[PDB]
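J.: Before anything else, here's the structure in question.
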Amino acid sequence: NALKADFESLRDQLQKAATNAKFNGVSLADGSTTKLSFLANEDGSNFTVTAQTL
Amino acid sequence: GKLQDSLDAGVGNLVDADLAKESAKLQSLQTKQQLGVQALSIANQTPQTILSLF
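From first to last, the protein sequence lines are chains a and X.
Read left to right, the first sequence gives residues 110 to 163 (the entry's author numbering).
Read left to right, the second sequence gives residues 218 to 271 (the entry's author numbering).
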């Protein structure tokens, strides 16, 4: 039971670390969105950055 | 402690000035300004020769 409680605590801390790590109201780790698309050209073609949910 | 200085670096990428280009442009504009003052003095001297006509 002690090892199980350690597993529960680490599993909850994993979500607490994943959800809170976000820059300027958006994140590439929490999985709230599939991708972010930053500018690459004067034309406006985006540099896609696929999100990788953690 | 990771997230705090990570966000500090993230705002630093956005707000901080590019000092090298700023120095280059600073001495560039300073050398341009004296030539602008010389062009000002020459433009003031251009009308002066009308007196020779009379």
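Even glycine gets a Cβ: it sits at the ideal position worked out from N, Cα and C.
Quick check: the Cα distance between residue 125 (chain a) and residue 149 (chain a), rounded to an integer number of angstroms?
T.: Taking the straight line joining both Cα atoms gives about 33 angstroms.
J.: Using the three-state DSSP reduction, which class does residue 98 (chain a) fall into: helix, strand or coil?
T.: Examination of residue 98 (chain a) is not possible in this model, given that chain a is present from 110 through 163 alone.
J.: Could you check where the alpha helix (DSSP H) with residue 223 (chain X) kicks off and where it finishes?
T.: 219 to 232
J.: Is it the case that the Cβ atoms of residue 163 (chain a) and residue 114 (chain a) are separated by a distance below 8 angstroms?
T.: no
J.: Please confirm whether residue 218 (chain X) has its beta-carbon closer than 8 angstroms to some beta-carbon of chain a.
T.: no
J.: What whole-angstrom Cβ distance do residue 132 (chain a) and residue 224 (chain X) have, given they're in contact under 8 angstroms?
T.: 7 angstroms
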